>>> print(open('target.cif').read())   # mmCIF, C-alpha atoms
data_entry
#
loop_
_atom_site.group_PDB
_atom_site.id
_atom_site.type_symbol
_atom_site.label_atom_id
_atom_site.label_comp_id
_atom_site.auth_asym_id
_atom_site.auth_seq_id
_atom_site.Cartn_x
_atom_site.Cartn_y
_atom_site.Cartn_z
ATOM 1 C CA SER A 1 -6.333 22.125 3.915
ATOM 2 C CA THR A 2 -5.504 18.805 5.540
ATOM 3 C CA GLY A 3 -7.057 15.401 6.065
ATOM 4 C CA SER A 4 -6.501 12.632 8.601
ATOM 5 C CA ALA A 5 -8.025 9.154 8.499
ATOM 6 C CA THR A 6 -7.495 5.981 10.465
ATOM 7 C CA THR A 7 -6.425 2.888 8.578
ATOM 8 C CA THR A 8 -7.291 -0.535 10.003
ATOM 9 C CA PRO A 9 -5.888 -4.012 9.300
ATOM 10 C CA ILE A 10 -8.376 -6.263 7.496
ATOM 11 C CA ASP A 11 -7.424 -9.346 9.507
ATOM 12 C CA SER A 12 -5.200 -10.664 12.296
ATOM 13 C CA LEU A 13 -2.176 -10.891 9.971
ATOM 14 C CA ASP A 14 -2.214 -7.306 8.654
ATOM 15 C CA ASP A 15 -2.741 -8.705 5.131
ATOM 16 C CA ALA A 16 -3.911 -5.234 4.054
ATOM 17 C CA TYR A 17 -5.324 -2.062 5.554
ATOM 18 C CA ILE A 18 -8.633 -0.320 4.877
ATOM 19 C CA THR A 19 -9.430 3.365 5.212
ATOM 20 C CA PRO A 20 -12.945 4.836 5.071
ATOM 21 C CA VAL A 21 -13.595 7.135 2.099
ATOM 22 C CA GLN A 22 -16.691 9.261 1.469
ATOM 23 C CA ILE A 23 -17.894 9.251 -2.154
ATOM 24 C CA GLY A 24 -20.777 11.235 -3.574
ATOM 25 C CA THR A 25 -23.681 13.271 -2.258
ATOM 26 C CA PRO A 26 -25.068 12.205 0.140
ATOM 27 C CA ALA A 27 -21.884 10.467 1.184
ATOM 28 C CA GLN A 28 -21.447 6.771 0.480
ATOM 29 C CA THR A 29 -18.672 5.468 2.717
ATOM 30 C CA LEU A 30 -16.536 2.703 1.268
ATOM 31 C CA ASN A 31 -13.489 1.084 2.868
ATOM 32 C CA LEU A 32 -10.624 1.375 0.416
ATOM 33 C CA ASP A 33 -7.130 -0.092 0.273
ATOM 34 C CA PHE A 34 -4.777 2.892 -0.024
ATOM 35 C CA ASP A 35 -2.086 1.766 -2.464
ATOM 36 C CA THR A 36 1.099 3.781 -3.014
ATOM 37 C CA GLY A 37 1.992 1.250 -5.737
ATOM 38 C CA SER A 38 -0.865 2.091 -8.139
ATOM 39 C CA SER A 39 -2.762 5.126 -9.382
ATOM 40 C CA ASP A 40 -6.410 4.204 -9.904
ATOM 41 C CA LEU A 41 -9.243 4.911 -7.450
ATOM 42 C CA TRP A 42 -11.704 2.118 -8.215
ATOM 43 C CA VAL A 43 -14.707 0.769 -6.354
ATOM 44 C CA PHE A 44 -17.144 -2.067 -6.229
ATOM 45 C CA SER A 45 -20.356 -0.589 -7.566
ATOM 46 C CA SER A 46 -23.935 -1.075 -8.658
ATOM 47 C CA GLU A 47 -22.383 -1.885 -12.071
ATOM 48 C CA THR A 48 -20.233 -4.761 -10.793
ATOM 49 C CA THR A 49 -21.241 -8.181 -12.167
ATOM 50 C CA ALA A 50 -23.523 -9.485 -9.416
ATOM 51 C CA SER A 51 -21.835 -12.887 -9.071
ATOM 52 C CA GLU A 52 -18.541 -11.063 -8.407
ATOM 53 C CA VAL A 53 -19.873 -9.155 -5.392
ATOM 54 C CA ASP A 54 -19.759 -11.042 -2.075
ATOM 55 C CA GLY A 55 -20.199 -8.783 0.948
ATOM 56 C CA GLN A 56 -18.519 -5.599 -0.251
ATOM 57 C CA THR A 57 -20.128 -2.202 0.109
ATOM 58 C CA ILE A 58 -20.916 -0.773 -3.326
ATOM 59 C CA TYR A 59 -20.924 2.727 -4.771
ATOM 60 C CA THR A 60 -24.175 3.544 -6.582
ATOM 61 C CA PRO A 61 -23.587 6.594 -8.762
ATOM 62 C CA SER A 62 -27.291 6.996 -9.608
ATOM 63 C CA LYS A 63 -27.865 7.823 -5.916
ATOM 64 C CA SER A 64 -25.252 10.591 -5.888
ATOM 65 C CA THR A 65 -26.413 14.020 -7.026
ATOM 66 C CA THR A 66 -22.821 15.007 -7.794
ATOM 67 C CA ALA A 67 -21.892 11.937 -9.878
ATOM 68 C CA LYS A 68 -21.367 12.430 -13.615
ATOM 69 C CA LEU A 69 -20.470 9.755 -16.150
ATOM 70 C CA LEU A 70 -17.099 10.513 -17.699
ATOM 71 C CA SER A 71 -18.279 9.822 -21.205
ATOM 72 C CA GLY A 72 -16.309 7.252 -23.156
ATOM 73 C CA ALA A 73 -13.796 6.556 -20.391
ATOM 74 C CA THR A 74 -12.865 3.007 -19.444
ATOM 75 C CA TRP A 75 -10.196 1.485 -17.217
ATOM 76 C CA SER A 76 -8.525 -1.876 -16.755
ATOM 77 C CA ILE A 77 -5.790 -2.786 -14.323
ATOM 78 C CA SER A 78 -3.733 -5.835 -13.420
ATOM 79 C CA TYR A 79 -1.746 -6.010 -10.196
ATOM 80 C CA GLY A 80 1.511 -7.716 -9.255
ATOM 81 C CA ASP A 81 -0.347 -10.487 -7.454
ATOM 82 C CA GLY A 82 -2.208 -11.422 -10.637
ATOM 83 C CA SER A 83 -5.515 -9.832 -9.625
ATOM 84 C CA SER A 84 -7.410 -7.441 -11.890
ATOM 85 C CA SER A 85 -10.473 -5.265 -12.382
ATOM 86 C CA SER A 86 -12.031 -3.068 -15.061
ATOM 87 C CA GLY A 87 -14.993 -0.859 -15.828
ATOM 88 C CA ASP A 88 -16.148 2.671 -16.612
ATOM 89 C CA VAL A 89 -15.661 6.042 -14.898
ATOM 90 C CA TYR A 90 -17.600 8.710 -13.050
ATOM 91 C CA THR A 91 -16.450 11.968 -11.552
ATOM 92 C CA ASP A 92 -17.738 12.705 -8.069
ATOM 93 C CA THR A 93 -16.854 14.313 -4.749
ATOM 94 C CA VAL A 94 -14.436 12.247 -2.666
ATOM 95 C CA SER A 95 -13.404 12.990 0.898
ATOM 96 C CA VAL A 96 -10.742 11.355 3.049
ATOM 97 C CA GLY A 97 -10.486 12.262 6.698
ATOM 98 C CA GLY A 98 -12.066 15.677 6.176
ATOM 99 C CA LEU A 99 -10.142 16.515 2.979
ATOM 100 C CA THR A 100 -12.447 16.947 -0.015
ATOM 101 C CA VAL A 101 -11.720 16.733 -3.745
ATOM 102 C CA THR A 102 -14.426 17.640 -6.229
ATOM 103 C CA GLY A 103 -14.366 16.117 -9.713
ATOM 104 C CA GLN A 104 -12.327 13.080 -8.666
ATOM 105 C CA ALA A 105 -12.300 10.194 -11.141
ATOM 106 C CA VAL A 106 -14.077 7.284 -9.444
ATOM 107 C CA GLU A 107 -13.541 4.150 -11.488
ATOM 108 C CA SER A 108 -16.591 1.919 -11.256
ATOM 109 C CA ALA A 109 -15.878 -1.797 -11.561
ATOM 110 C CA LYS A 110 -17.894 -3.838 -14.023
ATOM 111 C CA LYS A 111 -15.594 -6.831 -13.488
ATOM 112 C CA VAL A 112 -13.270 -7.888 -10.694
ATOM 113 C CA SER A 113 -11.091 -10.977 -10.374
ATOM 114 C CA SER A 114 -11.737 -13.710 -7.869
ATOM 115 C CA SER A 115 -9.345 -12.503 -5.177
ATOM 116 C CA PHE A 116 -11.271 -9.221 -4.943
ATOM 117 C CA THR A 117 -14.626 -11.006 -4.775
ATOM 118 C CA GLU A 118 -13.288 -13.333 -2.100
ATOM 119 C CA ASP A 119 -12.194 -10.442 0.140
ATOM 120 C CA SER A 120 -15.361 -8.972 1.619
ATOM 121 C CA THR A 121 -13.455 -6.334 3.604
ATOM 122 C CA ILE A 122 -12.016 -4.332 0.673
ATOM 123 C CA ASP A 123 -14.503 -2.191 -1.266
ATOM 124 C CA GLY A 124 -11.886 -0.921 -3.737
ATOM 125 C CA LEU A 125 -8.482 0.728 -4.029
ATOM 126 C CA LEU A 126 -7.292 4.304 -3.753
ATOM 127 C CA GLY A 127 -4.067 4.711 -5.685
ATOM 128 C CA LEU A 128 -1.338 7.007 -4.394
ATOM 129 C CA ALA A 129 1.495 6.375 -6.866
ATOM 130 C CA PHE A 130 2.122 8.895 -9.657
ATOM 131 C CA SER A 131 -0.720 9.739 -12.021
ATOM 132 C CA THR A 132 1.352 8.610 -15.021
ATOM 133 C CA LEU A 133 0.332 5.036 -14.052
ATOM 134 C CA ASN A 134 -3.412 5.748 -14.077
ATOM 135 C CA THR A 135 -5.153 3.363 -16.495
ATOM 136 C CA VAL A 136 -8.138 5.458 -17.621
ATOM 137 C CA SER A 137 -8.485 5.653 -21.390
ATOM 138 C CA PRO A 138 -8.597 7.672 -23.576
ATOM 139 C CA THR A 139 -8.008 10.500 -21.080
ATOM 140 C CA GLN A 140 -5.725 9.570 -18.181
ATOM 141 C CA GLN A 141 -6.987 10.724 -14.787
ATOM 142 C CA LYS A 142 -5.288 12.134 -11.694
ATOM 143 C CA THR A 143 -4.986 10.486 -8.296
ATOM 144 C CA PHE A 144 -6.756 11.823 -5.227
ATOM 145 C CA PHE A 145 -3.436 13.182 -3.927
ATOM 146 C CA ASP A 146 -2.576 14.843 -7.228
ATOM 147 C CA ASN A 147 -5.995 16.538 -7.283
ATOM 148 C CA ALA A 148 -5.730 17.624 -3.628
ATOM 149 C CA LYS A 149 -2.112 18.726 -3.683
ATOM 150 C CA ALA A 150 -2.427 22.411 -4.536
ATOM 151 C CA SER A 151 -5.005 22.882 -1.762
ATOM 152 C CA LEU A 152 -2.933 21.144 0.911
ATOM 153 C CA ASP A 153 -1.007 23.095 3.543
ATOM 154 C CA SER A 154 2.080 21.129 2.435
ATOM 155 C CA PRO A 155 2.209 18.858 -0.646
ATOM 156 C CA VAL A 156 2.686 15.623 1.321
ATOM 157 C CA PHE A 157 0.913 12.621 2.698
ATOM 158 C CA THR A 158 2.124 10.267 5.407
ATOM 159 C CA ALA A 159 1.633 6.557 6.100
ATOM 160 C CA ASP A 160 1.738 5.358 9.702
ATOM 161 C CA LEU A 161 0.680 1.730 9.523
ATOM 162 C CA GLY A 162 0.180 -0.262 12.700
ATOM 163 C CA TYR A 163 1.405 -3.716 13.628
ATOM 164 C CA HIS A 164 -1.724 -5.691 14.523
ATOM 165 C CA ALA A 165 -3.346 -2.294 15.244
ATOM 166 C CA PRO A 166 -4.886 0.711 13.512
ATOM 167 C CA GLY A 167 -2.742 3.515 12.112
ATOM 168 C CA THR A 168 -3.155 6.757 10.194
ATOM 169 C CA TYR A 169 -2.948 8.343 6.752
ATOM 170 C CA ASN A 170 -2.493 12.115 6.922
ATOM 171 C CA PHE A 171 -2.689 14.537 4.006
ATOM 172 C CA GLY A 172 -1.120 17.970 3.974
ATOM 173 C CA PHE A 173 0.861 17.937 7.221
ATOM 174 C CA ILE A 174 3.492 16.028 9.161
ATOM 175 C CA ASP A 175 2.377 15.036 12.673
ATOM 176 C CA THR A 176 5.548 15.630 14.668
ATOM 177 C CA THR A 177 4.098 13.641 17.602
ATOM 178 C CA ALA A 178 3.793 10.460 15.522
ATOM 179 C CA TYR A 179 7.472 9.505 15.306
ATOM 180 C CA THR A 180 10.647 9.455 17.362
ATOM 181 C CA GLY A 181 13.936 11.132 16.480
ATOM 182 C CA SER A 182 14.227 12.760 13.065
ATOM 183 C CA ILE A 183 12.876 12.016 9.602
ATOM 184 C CA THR A 184 15.546 11.017 7.088
ATOM 185 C CA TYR A 185 14.724 11.992 3.539
ATOM 186 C CA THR A 186 15.950 10.124 0.500
ATOM 187 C CA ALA A 187 15.752 10.636 -3.270
ATOM 188 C CA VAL A 188 12.891 9.313 -5.397
ATOM 189 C CA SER A 189 12.827 8.337 -9.058
ATOM 190 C CA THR A 190 9.423 8.725 -10.659
ATOM 191 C CA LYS A 191 10.576 7.168 -13.964
ATOM 192 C CA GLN A 192 8.485 4.011 -13.459
ATOM 193 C CA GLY A 193 5.579 5.888 -11.835
ATOM 194 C CA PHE A 194 6.374 4.565 -8.348
ATOM 195 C CA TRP A 195 7.766 5.965 -5.124
ATOM 196 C CA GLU A 196 11.083 4.369 -6.045
ATOM 197 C CA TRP A 197 14.121 4.875 -3.831
ATOM 198 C CA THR A 198 17.433 3.256 -2.886
ATOM 199 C CA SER A 199 18.014 1.712 0.514
ATOM 200 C CA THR A 200 21.599 1.876 1.727
ATOM 201 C CA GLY A 201 21.750 -1.675 3.082
ATOM 202 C CA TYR A 202 20.545 -4.140 5.684
ATOM 203 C CA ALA A 203 21.273 -6.137 8.812
ATOM 204 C CA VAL A 204 19.846 -9.410 10.120
ATOM 205 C CA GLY A 205 19.124 -9.509 13.844
ATOM 206 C CA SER A 206 22.057 -8.207 15.851
ATOM 207 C CA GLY A 207 24.422 -8.785 12.940
ATOM 208 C CA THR A 208 26.637 -6.238 11.258
ATOM 209 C CA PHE A 209 25.151 -3.831 8.738
ATOM 210 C CA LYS A 210 25.879 -4.604 5.083
ATOM 211 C CA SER A 211 26.243 -1.464 2.999
ATOM 212 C CA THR A 212 24.677 -2.165 -0.375
ATOM 213 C CA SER A 213 22.299 -0.261 -2.631
ATOM 214 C CA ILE A 214 18.836 -1.775 -2.892
ATOM 215 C CA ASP A 215 16.509 -0.040 -5.338
ATOM 216 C CA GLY A 216 12.846 -0.610 -4.565
ATOM 217 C CA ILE A 217 9.386 0.897 -4.176
ATOM 218 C CA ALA A 218 7.474 2.053 -1.122
ATOM 219 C CA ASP A 219 4.222 0.173 -1.648
ATOM 220 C CA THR A 220 1.468 0.264 0.950
ATOM 221 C CA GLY A 221 -0.634 -2.045 -1.224
ATOM 222 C CA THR A 222 1.788 -4.965 -0.996
ATOM 223 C CA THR A 223 1.720 -7.007 2.221
ATOM 224 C CA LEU A 224 5.267 -8.341 2.367
ATOM 225 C CA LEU A 225 8.876 -7.208 1.976
ATOM 226 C CA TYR A 226 10.356 -8.453 -1.325
ATOM 227 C CA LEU A 227 14.132 -8.183 -1.608
ATOM 228 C CA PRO A 228 16.974 -9.718 -3.643
ATOM 229 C CA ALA A 229 17.489 -13.445 -3.205
ATOM 230 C CA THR A 230 20.898 -12.915 -1.624
ATOM 231 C CA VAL A 231 19.443 -10.688 1.133
ATOM 232 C CA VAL A 232 16.474 -12.990 1.756
ATOM 233 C CA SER A 233 18.696 -16.083 1.973
ATOM 234 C CA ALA A 234 20.895 -14.322 4.522
ATOM 235 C CA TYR A 235 17.828 -13.527 6.632
ATOM 236 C CA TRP A 236 16.266 -17.015 6.621
ATOM 237 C CA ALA A 237 19.620 -18.728 7.212
ATOM 238 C CA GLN A 238 19.344 -17.328 10.755
ATOM 239 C CA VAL A 239 16.097 -19.240 11.407
ATOM 240 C CA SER A 240 16.511 -22.945 12.204
ATOM 241 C CA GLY A 241 14.461 -25.064 9.840
ATOM 242 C CA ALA A 242 13.505 -22.257 7.462
ATOM 243 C CA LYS A 243 13.456 -23.170 3.786
ATOM 244 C CA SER A 244 12.185 -21.961 0.457
ATOM 245 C CA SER A 245 9.218 -24.071 -0.618
ATOM 246 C CA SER A 246 8.278 -24.108 -4.293
ATOM 247 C CA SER A 247 4.976 -25.801 -3.421
ATOM 248 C CA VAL A 248 3.994 -23.108 -0.925
ATOM 249 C CA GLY A 249 5.470 -20.253 -2.996
ATOM 250 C CA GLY A 250 8.212 -18.879 -0.781
ATOM 251 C CA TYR A 251 10.103 -19.134 2.449
ATOM 252 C CA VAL A 252 8.431 -20.977 5.286
ATOM 253 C CA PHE A 253 9.671 -21.540 8.808
ATOM 254 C CA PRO A 254 8.734 -23.579 11.897
ATOM 255 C CA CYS A 255 5.935 -21.825 13.729
ATOM 256 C CA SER A 256 7.870 -22.576 16.950
ATOM 257 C CA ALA A 257 10.679 -20.197 15.900
ATOM 258 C CA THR A 258 11.539 -16.837 17.359
ATOM 259 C CA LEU A 259 12.326 -14.644 14.334
ATOM 260 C CA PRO A 260 15.237 -12.187 14.234
ATOM 261 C CA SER A 261 14.671 -8.549 13.369
ATOM 262 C CA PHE A 262 15.565 -7.082 9.981
ATOM 263 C CA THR A 263 17.091 -3.639 9.599
ATOM 264 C CA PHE A 264 17.071 -1.553 6.427
ATOM 265 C CA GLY A 265 19.038 1.605 5.713
ATOM 266 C CA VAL A 266 17.649 4.990 4.772
ATOM 267 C CA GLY A 267 20.704 7.090 4.112
ATOM 268 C CA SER A 268 22.748 6.926 7.316
ATOM 269 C CA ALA A 269 19.590 6.093 9.303
ATOM 270 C CA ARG A 270 18.257 2.641 10.157
ATOM 271 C CA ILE A 271 14.711 1.249 10.396
ATOM 272 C CA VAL A 272 14.313 -1.917 12.477
ATOM 273 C CA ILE A 273 11.566 -4.380 11.620
ATOM 274 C CA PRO A 274 10.938 -6.536 14.710
ATOM 275 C CA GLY A 275 10.974 -10.283 14.158
ATOM 276 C CA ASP A 276 7.284 -10.655 15.034
ATOM 277 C CA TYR A 277 6.383 -8.411 12.048
ATOM 278 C CA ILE A 278 7.845 -11.100 9.761
ATOM 279 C CA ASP A 279 5.504 -13.891 10.980
ATOM 280 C CA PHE A 280 2.532 -14.462 8.653
ATOM 281 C CA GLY A 281 1.256 -17.505 10.468
ATOM 282 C CA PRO A 282 0.419 -21.056 9.453
ATOM 283 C CA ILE A 283 0.487 -21.807 5.727
ATOM 284 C CA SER A 284 -2.883 -23.527 6.162
ATOM 285 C CA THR A 285 -5.145 -23.804 9.174
ATOM 286 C CA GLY A 286 -3.552 -25.965 11.872
ATOM 287 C CA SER A 287 -0.154 -26.264 10.166
ATOM 288 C CA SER A 288 3.078 -25.901 12.118
ATOM 289 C CA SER A 289 4.747 -24.445 9.011
ATOM 290 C CA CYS A 290 4.509 -20.652 9.003
ATOM 291 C CA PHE A 291 4.801 -18.233 6.087
ATOM 292 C CA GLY A 292 7.609 -15.689 6.062
ATOM 293 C CA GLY A 293 7.131 -11.948 5.699
ATOM 294 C CA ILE A 294 10.413 -11.413 3.840
ATOM 295 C CA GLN A 295 10.430 -13.036 0.398
ATOM 296 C CA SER A 296 12.535 -12.978 -2.737
ATOM 297 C CA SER A 297 11.805 -10.399 -5.415
ATOM 298 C CA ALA A 298 13.529 -12.564 -8.041
ATOM 299 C CA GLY A 299 11.199 -12.718 -11.008
ATOM 300 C CA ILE A 300 9.076 -9.749 -9.858
ATOM 301 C CA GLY A 301 11.567 -7.460 -11.531
ATOM 302 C CA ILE A 302 11.534 -4.948 -8.693
ATOM 303 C CA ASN A 303 12.151 -4.888 -4.945
ATOM 304 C CA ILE A 304 9.108 -3.964 -2.878
ATOM 305 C CA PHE A 305 9.122 -2.292 0.530
ATOM 306 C CA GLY A 306 5.618 -3.404 1.393
ATOM 307 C CA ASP A 307 3.670 -3.208 4.628
ATOM 308 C CA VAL A 308 6.093 -5.414 6.593
ATOM 309 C CA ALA A 309 8.735 -2.719 6.120
ATOM 310 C CA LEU A 310 6.581 0.395 6.057
ATOM 311 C CA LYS A 311 4.716 -0.415 9.267
ATOM 312 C CA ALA A 312 8.027 -0.235 11.166
ATOM 313 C CA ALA A 313 8.299 3.442 10.199
ATOM 314 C CA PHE A 314 6.558 6.762 9.914
ATOM 315 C CA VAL A 315 6.745 7.389 6.157
ATOM 316 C CA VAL A 316 6.507 10.740 4.375
ATOM 317 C CA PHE A 317 5.491 10.773 0.727
ATOM 318 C CA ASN A 318 6.695 14.236 -0.278
ATOM 319 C CA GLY A 319 5.006 15.350 -3.483
ATOM 320 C CA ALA A 320 6.932 18.586 -3.894
ATOM 321 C CA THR A 321 8.157 19.524 -7.382
ATOM 322 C CA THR A 322 11.017 17.077 -6.858
ATOM 323 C CA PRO A 323 9.433 14.263 -4.857
ATOM 324 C CA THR A 324 11.270 12.584 -1.977
ATOM 325 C CA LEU A 325 10.525 9.946 0.679
ATOM 326 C CA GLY A 326 11.092 10.343 4.395
ATOM 327 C CA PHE A 327 11.422 7.646 7.045
ATOM 328 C CA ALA A 328 11.429 7.929 10.824
ATOM 329 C CA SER A 329 11.372 5.365 13.593
ATOM 330 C CA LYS A 330 8.288 5.429 15.820
#
>>> encode(input="target.cif", output="structure tokens")
Amino acid sequence: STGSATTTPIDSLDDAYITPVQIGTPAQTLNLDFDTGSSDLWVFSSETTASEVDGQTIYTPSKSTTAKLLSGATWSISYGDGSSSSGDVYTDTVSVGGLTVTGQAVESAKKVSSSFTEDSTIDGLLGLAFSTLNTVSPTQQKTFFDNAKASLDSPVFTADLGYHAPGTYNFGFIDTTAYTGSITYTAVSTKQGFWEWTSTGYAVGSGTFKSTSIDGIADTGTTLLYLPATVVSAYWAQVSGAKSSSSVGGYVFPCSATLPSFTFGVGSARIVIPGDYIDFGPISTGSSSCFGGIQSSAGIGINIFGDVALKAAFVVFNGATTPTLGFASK
């Protein structure tokens, strides 16, 4: 089997992407944030504290003839950005782009933190990291991909995120029309539960490539590119007036600037992030100070190849017995 679904930016900045997901019988379609950096599929629901729901579409398990309470199971998750959610668990039928999993754990939120409430466009998350990170207790549950894998034509999914435009998540096949040149594959460590890999270096603008190993995670659920302070300083030094602002929480730059590109290495191959992808707009409405899309990972404890990086590539998440990651230009 295969599946193919369009993923759409939630706003004009590509702060996140939402993908429609069918849950239950009859189908209830919710728009979920597909997150290769976590492993829980959780939704706003009829059980979510009412004051914490503001515009989201909810899953109502009592209206699904295939929903079953997973007795005794609870979940609770906290994300890198400080947000969180928790609740109980149902199993139900879940379909993405024509690909159906029966008995998928659907984690129903009883509580969500303010940032989730405040974002009316995201109805929940669909985790695509390794199932070892799933938070369900006392019986850990499998991700949608893990459940689907054996049925797929090939044990892979691909992320093709758009810049200020829709893109695609495919399951079970590689669309050879969706990228240019060849796909370069690189080793993955699953030891921390992430799609963790090692970039071979970087360049800033038209500058020379610096060969240096940068360990990090391919994370579709993180907006920005978080790299070591040395790398980030070298990037922003090429932008007149750019500075790190403790009050804002990262590098800012004059909105009048033209940003240089940023290149990262995948083996001997190179992925170029155009400068415009690195502009996250005014820090506050009407400001001429703009927020940068490349930020320091210092104090996160890990480097993160988030959407800023991934959207410059066609990315293969290869879930074969030994997982690997592939990157192509597009």
>>> resolve_selection(input="target.cif", expression="the PyMOL selection byres ((chain A and resi 212) around 8)", output="list in words")
residues 199, 200, 201, 202, 210, 211, 213 and 214 of chain A
>>> axis_aligned_box(input="target.cif", around="segment 296-308 of chain A", padding_each_side="4 Å", output="AutoDock Vina command-line options")
--center_x 8.6 --center_y -7.6 --center_z -2.5 --size_x 17.9 --size_y 18.7 --size_z 26.1
>>> resolve_selection(input="target.cif", expression="the PyMOL selection byres ((chain A and resi 92-106) around 6)", output="PyMOL selection string")
chain A and resi 2-5+21-24+41-42+66-67+89-91+107
>>> resolve_selection(input="target.cif", expression="the PyMOL selection byres ((chain A and resi 244) around 12)", output="JSON, numbers by chain")
{"A": [229, 232, 233, 235, 236, 237, 239, 241, 242, 243, 245, 246, 247, 248, 249, 250, 251, 252, 253, 289, 290, 291, 292, 294, 295, 296]}
>>> closest_residue(input="target.cif", among="A:45, A:134, A:151, A:140", to="residue 108 of chain A", atoms="only C-alpha atoms")
A:45
>>> closest_residue(input="target.cif", among="A:171, A:163, A:314, A:144", to="residue 9 of chain A", atoms="only C-alpha atoms")
A:163
>>> atom_distance(input="target.cif", atom1="atom CA of residue 154 of chain A", atom2="atom CA of residue 195 of chain A")
17.9 Å
>>> closest_residue(input="target.cif", among="A:63, A:27, A:217, A:145", to="residue 320 of chain A", atoms="only C-alpha atoms")
A:145
>>> closest_residue(input="target.cif", among="A:301, A:61, A:26, A:293", to="residue 47 of chain A", atoms="all atoms listed in the file")
A:61
>>> closest_residue(input="target.cif", among="A:25, A:225, A:10, A:132", to="residue 68 of chain A", atoms="all atoms listed in the file")
A:25
>>> closest_residue(input="target.cif", among="A:29, A:38, A:121, A:71", to="residue 8 of chain A", atoms="all atoms listed in the file")
A:121
>>> atom_distance(input="target.cif", atom1="atom CA of residue 70 of chain A", atom2="atom CA of residue 88 of chain A")
8.0 Å
